[PDB]
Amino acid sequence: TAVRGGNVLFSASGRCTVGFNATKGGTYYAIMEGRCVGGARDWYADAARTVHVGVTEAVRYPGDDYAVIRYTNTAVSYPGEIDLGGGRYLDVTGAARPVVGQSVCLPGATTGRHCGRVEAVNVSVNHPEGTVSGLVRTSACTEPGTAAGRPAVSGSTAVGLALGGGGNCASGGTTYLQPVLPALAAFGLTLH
């Protein structure tokens, strides 16, 4: 019936979490992590891959680390919200220009480290696919095995989407984010 930020989409790449829904000209889009989307085209709302919802429009990875999925199923809703679980939703109003020290939370993290702060901006990391620059380091941590694409917010303001991989949150693991503002700007998308 609906796909929100924080929900998982399924494809030939496996599972990837929607960071944020956005819109342009009455069309709806999902902003996702770039490495996770990989070389997949078709995205489904269910693990059975019976409810097709959209297609990969663009991948900005490496360099950046996000992808844009265009929703094509007009029978499903794509609200400008994050799913907090339990039928509760967070309305995302706009995006932040990340600044060191600001608070940031990962709705859904069950690590005890769901909320934290921006520790550094403009961080680079080398992946097998290439260098990724422009990343945010946070003190929050979500389980790295399911982290890819999870939304990070400050109140109702979108900060970024989590990169997958890295260390366990119990062993000093650090969650890095792809900031959302550059993606909105690059693709003309608005958080509705």
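All residue numbers refer to positions in the sequence shown, first residue = 1.
The stretch 82-90 shows the higher mean C-alpha B-factor when 82-90 is compared against 114-122 in the entry.
Two stretches are in play, 164-172 and 180-188, and the higher mean C-alpha B-factor belongs to 164-172. Highest C-alpha temperature factor among 57, 143, 64, 42, as the PDB entry reports it: 143.
Between the residues 104, 100, 109, 95, it is 109 that shows the highest Cα B-factor in the PDB record. Per the deposited record, the Cα B-factor of residue 19 falls in the lowest third when ranked against the other modelled residues of its chain.
When the modelled residues of the chain are ordered by C-alpha B-factor, residue 49 sits in the highest third. The entry lists a Cα temperature factor for residue 157 that places it in the lowest third of the chain's modelled residues. Sort the modelled residues of the chain by CA B factor and residue 30 lands in the lowest third. Per-chain ranking of the deposited C-alpha B factor places residue 37 in the middle third.
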